[PDB]
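# A look at the structure
Chain residues, written in single-letter form:
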Amino acid sequence: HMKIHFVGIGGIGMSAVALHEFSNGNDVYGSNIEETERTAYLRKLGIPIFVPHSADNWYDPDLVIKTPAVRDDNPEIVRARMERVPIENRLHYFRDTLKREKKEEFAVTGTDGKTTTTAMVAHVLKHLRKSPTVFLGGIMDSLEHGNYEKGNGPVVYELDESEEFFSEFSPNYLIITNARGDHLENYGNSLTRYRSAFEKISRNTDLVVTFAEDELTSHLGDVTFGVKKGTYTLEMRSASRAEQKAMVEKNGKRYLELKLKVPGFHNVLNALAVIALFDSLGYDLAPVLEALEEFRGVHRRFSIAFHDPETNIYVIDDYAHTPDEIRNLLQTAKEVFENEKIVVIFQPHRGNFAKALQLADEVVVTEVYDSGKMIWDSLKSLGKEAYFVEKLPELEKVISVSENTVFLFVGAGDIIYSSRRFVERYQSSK
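- Structure determination for this PDB entry is given in the record as X-ray crystallography, at a resolution of 2.30 Å.

- The name the PDB entry gives the protein chain is UDP-N-acetylmuramate-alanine ligase MurC, with Thermotoga maritima as the organism.
- For this entry, the PDB record gives the title as "Crystal structure of UDP-N-acetylmuramate-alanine ligase MurC (TM0231) from Thermotoga maritima at 2.3 A resolution".
- Here the protein chain is described in UniProt, under the heading Catalytic activity, as follows: "UDP-N-acetyl-alpha-D-muramate + L-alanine + ATP = UDP-N-acetyl-alpha-D-muramoyl-L-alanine + ADP + phosphate + H(+)".

Spelled out as structure tokens, the structure:
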């Protein structure tokens, strides 16, 4: 039995590992740079969480775990090193944690779609009553602790291909959503090391599911999914307000109809990768499809934060920060909400943006999280109705609440709090 100190315990990754250790009866506590929903959540469980970082937050741990972001001048790390307490890195510790688990492993990695795909896998395994241990890089309400759940079945987790060390894992099954290799910083900016990393994890995995259209990684798959090419393919897709349907072909033959409560074309691809994995493992797909149909999504991946049915008003949260992610988000907003007014409140993240937001009816841009006016400027140039609001607390206030309108609060940062405040405003308003 050990006492573990988590430096950066407020992150989605770290809180999962902390919760797991907490679930295993270890003395757990940690610290974080800022307060987060995880720090709030973990405190409610009775875990001491100290914000901000200070060597004051030392309680003679047997072990200290840190995220790649924790710098060597972090006072906690300095104390730990001087106190000679062993310090470990999140991923590396996680791998060791799996080694201890000695369980069947379902890993999902990739540039995009990774967290939702992982949530889908976890959701299927839970539906099939396989009671999996889940480590999610996002929040799924069906999970006992949101981004984590302890079970005695297999373990499902997300592997971040940002850290080259992901290639050191060797799960039973691995879904690789895609691999654009847009963050080679940890691969000495070498697409070759990046490729090698995938090559390597593929070699040590029993079954690899891969995106037939992913230039970099398609050949590694034992089975593939794609739209027009691959083992599992899409013959037809129809998106509607309450759900979207897709006719799936297997090696070219109509094989099944996929129904998802969750919208967006990309979620079909994520569901396809899931189907591919489970079908490949010989699972009766009837319950797998029932589960996929019921999958409720991960917070901030086009999640409905609030809906007023009397007024036909929606507040939706989405992590998008890239022009393409925004073009996609809006395309799915239009598929789901054919006639409603679409209002995007976008907080850019630490040119093409204006063209991506063109599909919205109203755009409010804020300052970047950690220039925003340049986007406003661009929007203004494409000649459409946009606003710039620089102070984050003003965001919810600036908005005109109108019926038949979907308010999409878009961004990877702070914006998530405006969204909640906007909902609270609305509610108190009623």
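After presenting the structure, the write-up continues.
## Some remarks on the overall build of the protein chain
- From N to C terminus, the protein chain includes 13 helices and 21 strands.
- Rg of the C-alpha trace for the protein chain: 22 Å, near the compact-globule value of 22 Å for 430 residues, within the 12% margin.
- Taken along the three principal axes of its C-alpha coordinates, the protein chain extends 60 × 55 × 40 Å.
- As displayed, the protein chain offers around 19100 Å² of accessible surface, 47% of which is attributable to carbon and sulfur atoms.

## Quick look at the sheet that holds strand β2 (residues 27-31)
- Spatial strand order, β3-β2-β1-β4-β5: 5 strands in an open sheet with parallel pairing. Single-partner strands in this sheet number two, and they are β3 (49-50) and β5 (87-89).
- Two elements, strand β1 (residues 3-7) and β2, share 5 bridges in a ladder whose sense is parallel. Bridge pairing in β2 links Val 7 to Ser 31.
- This element, helix α1 (residues 12-23), spans β1, β2 and β4 (63-66) of the sheet and lies at about 170° to β1.
- Packed on one face of the sheet, helix α3 (residues 75-82) meets β1, β2, β4 and β5 and runs near 145° to β4.

## Topic: the UniProt feature "binding site: ATP" in the protein chain
- Look at the UniProt record and you will see "binding site: ATP" annotated at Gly 110, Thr 111, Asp 112, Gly 113, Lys 114, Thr 115 and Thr 116.
- If you trace the backbone, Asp 112 turns up in the loop between β6 (105-109) and α5 (114-127).
- In contact with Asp 112, not counting residues within four places along its chain, are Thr 177, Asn 178 and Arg 180.
- Here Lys 114 is to be found in helix α5.
- According to the relative accessible area criterion, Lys 114 is buried, its value standing at 11%.
- With sequence-adjacent residues up to four places away left out, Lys 114 is seen in contact with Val 108, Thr 109, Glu 158, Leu 159, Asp 160, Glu 161 and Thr 177.
- Within the structure, the side chain of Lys 114 is placed 3.2 Å from the backbone oxygen of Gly 110, a separation counted as a polar contact.

## Focus: the packing of helix α7 (residues 265-280) against helix α8 (residues 285-294)
- Interhelical geometry of α7 versus α8 gives an angle of 155° and a closest axis separation of 11 Å. On the basis of the axis angle, α7 is roughly antiparallel to α8. Classified by chirality, the crossing of α8 by α7 is right-handed. In contact with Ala 271, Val 274, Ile 275, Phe 278 and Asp 279 of α7, α8 contributes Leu 285, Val 288, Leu 289 and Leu 292.
- The class makeup of the residues in the contact of α7 with α8 is 8 nonpolar, no polar and 1 charged.

## Points about the sheet that holds strand β18 (residues 341-346)
- With mixed pairing, the 6 strands of this open sheet are ordered in space as β16-β17-β21-β18-β19-β20. Each edge of the open sheet is held by one strand with a lone partner, namely β16 (303-308) and β20 (386-388). On average, each strand axis in the sheet is inclined to that of its neighbour by 15°, with strand direction left out of account.
- Judged from the 4 bridges that link them, β18 and strand β19 (residues 362-365) form a sheet pairing that is parallel. Looking at β19, one finds that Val 343 is bridged to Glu 362.

Parameters and conventions
- Residues numbered from 1 in each chain as written, not as in the entry; some residues may be left out.
- Heavy atoms only, no water.
- UniProt positions renumbered as here; feature names shortened; annotations may be inferred.
- Helix = DSSP H or I, 4+ residues; strand = E, 2+ residues; numbered from the N terminus.
- Rg over C-alpha atoms; globule rule 2.2 N^0.38 Å.
- Areas by Shrake-Rupley, 256 points an atom, 1.4 Å probe, with all protein chains shown as cover.
- Pairing = 2+ DSSP bridges.
- Contact = heavy atoms within 4.5 Å.
- Axes fitted to C-alpha atoms, helices over the stretch in contact; angles between N-to-C directions.
- Buried < 20%, exposed > 50% of the residue type's maximum accessible area, 1.4 Å probe, protein only.
- Polar contact = N/O pair within 3.5 Å; in protein donor to acceptor, adjacent residues only side chain to side chain.
- Parallel < 35°, antiparallel > 145°, perpendicular 65-115°, else oblique.
- Left-handed = near helix turned anticlockwise from the far one by under 90°.
- Nonpolar A, V, L, I, M, F, W, Y, C, P; charged D, E, K, R; others polar.

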